[PDB]
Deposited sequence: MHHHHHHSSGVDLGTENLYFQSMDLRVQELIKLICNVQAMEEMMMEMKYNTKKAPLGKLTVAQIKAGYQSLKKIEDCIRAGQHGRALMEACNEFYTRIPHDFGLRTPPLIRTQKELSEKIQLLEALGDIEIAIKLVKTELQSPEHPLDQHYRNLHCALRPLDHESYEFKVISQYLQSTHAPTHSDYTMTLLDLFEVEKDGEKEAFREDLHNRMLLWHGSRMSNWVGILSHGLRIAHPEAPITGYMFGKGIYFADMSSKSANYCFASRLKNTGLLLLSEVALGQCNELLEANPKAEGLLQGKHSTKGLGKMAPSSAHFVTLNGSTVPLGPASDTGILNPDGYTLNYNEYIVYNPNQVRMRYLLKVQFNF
């Protein structure tokens, strides 16, 4: 296979495995069935952006009911209509109400994945009579360079240390093994990026395996405009952690599906507005500042920071921040314009449960 790759001068084998993995539509099917989405009643191949937008609109109606204190018939009506637009498989049981921030957030995550799956299914379409290998066709449509890095390189070592040293103490249900590492160069990001802003940090972002084709092809995006604001602890920005496992939790890997990806991005934080508890309306509080920082109780300290190509890497271990209702365990950072983000590394990670 290695020799066969050299003679044909095909795409690098590691990149081939990465593309095959993220473009696997059968895995998207299984992932959505796991989230209770009824793929039999509404196949993913027929999913449209208008259907998904309608879904968000019904979630907003649910949010309105919750806000006005309608927890009986009107809420069960509004939940049923969401469920008509975004069919679920609850088998024989009463379709459950959506009543809490958590439950609303779960539905938003379902619709976010469906949005990325709609993107993926279009992107993966091939020209049957084309001489190009299907993987090359997929890769080109990403408009995003992915280059494997040498495991004996300094970059690989620092990123491995970042991964391990910021694995949080409260996320002890797994450890992570870095299987491979790719440099990311998304078309347009280098030119768009807010290089002028200070406090540029290399930060984590995790997502479900179904979402990477969307993320790489469109960049990290803020939430859909029709999505319920209450779905977002600090409003409709792009969320990042300085603790690898806080983000890795959003991979939703498991003992059954133990391979996930983690993204590192340069984030132009500028001046952070620091907040101690949830506020979905945080974006309106910036008043000229460039980012929101949710303050955690535990965080990497500046003593241990290194610089990698002009961005700060907040190496662990985490320690008490002196910061303290309920309070975040770990920091989170939100920027509200994609031009404050430049994706830089994609980690292929094995989760050990």
- Could you name the stretches of the deposited sequence that have no C-alpha atoms in this structure? 1 to 12, 337 to 339
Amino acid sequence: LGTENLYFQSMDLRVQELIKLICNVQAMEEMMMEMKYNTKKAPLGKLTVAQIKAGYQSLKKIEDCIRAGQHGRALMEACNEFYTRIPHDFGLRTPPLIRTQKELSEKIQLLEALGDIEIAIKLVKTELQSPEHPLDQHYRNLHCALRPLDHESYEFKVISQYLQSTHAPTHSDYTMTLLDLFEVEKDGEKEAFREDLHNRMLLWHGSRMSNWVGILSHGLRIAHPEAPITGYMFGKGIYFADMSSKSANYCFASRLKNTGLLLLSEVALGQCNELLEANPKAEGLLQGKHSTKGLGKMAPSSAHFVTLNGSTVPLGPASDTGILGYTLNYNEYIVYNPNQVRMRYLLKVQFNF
From here on, numbers count along this sequence of modelled residues.
- Message: As a check of understanding, is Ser130 unmodelled in at least a third of the other compared entries that model its flanking residues?
- Response: yes
- Could you tell me whether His71 lacks coordinates in at least a third of the other compared entries whose models cover its neighbours on both sides? yes
- Task: Compare the mean C-alpha B-factor of 242 to 250 with that of 117 to 125 as given in the PDB entry, and name the stretch with the higher value.
- Result: 117 to 125
- Note on the structure: Once average C-alpha B-factors are taken from the entry for 201 to 209 and 270 to 278, the winner is 270 to 278
- Item | Options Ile323, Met31, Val313, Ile52 - largest CA temperature factor per the record | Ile323
- Note on the structure: Based on the PDB entry, the highest CA temperature factor among the options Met176, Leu146, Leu97, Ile108 is that of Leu97
- What third of its chain, lowest, middle or highest, does the C-alpha temperature factor of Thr230 fall into? middle
- Message: Is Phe305 in the lowest, middle or highest third of its chain when residues are ranked by C-alpha B-factor?
- Response: highest
- Using the B-factor values recorded in the entry, state whether the Cα atom of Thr259 falls in the lowest, middle or highest third among the modelled residues of its chain. lowest
- Within-chain third of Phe8 by Cα B-factor, per the entry: highest
- Note on the structure: Quick tally, chain-level thirds of C-alpha B-factors: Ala168 sits in the middle
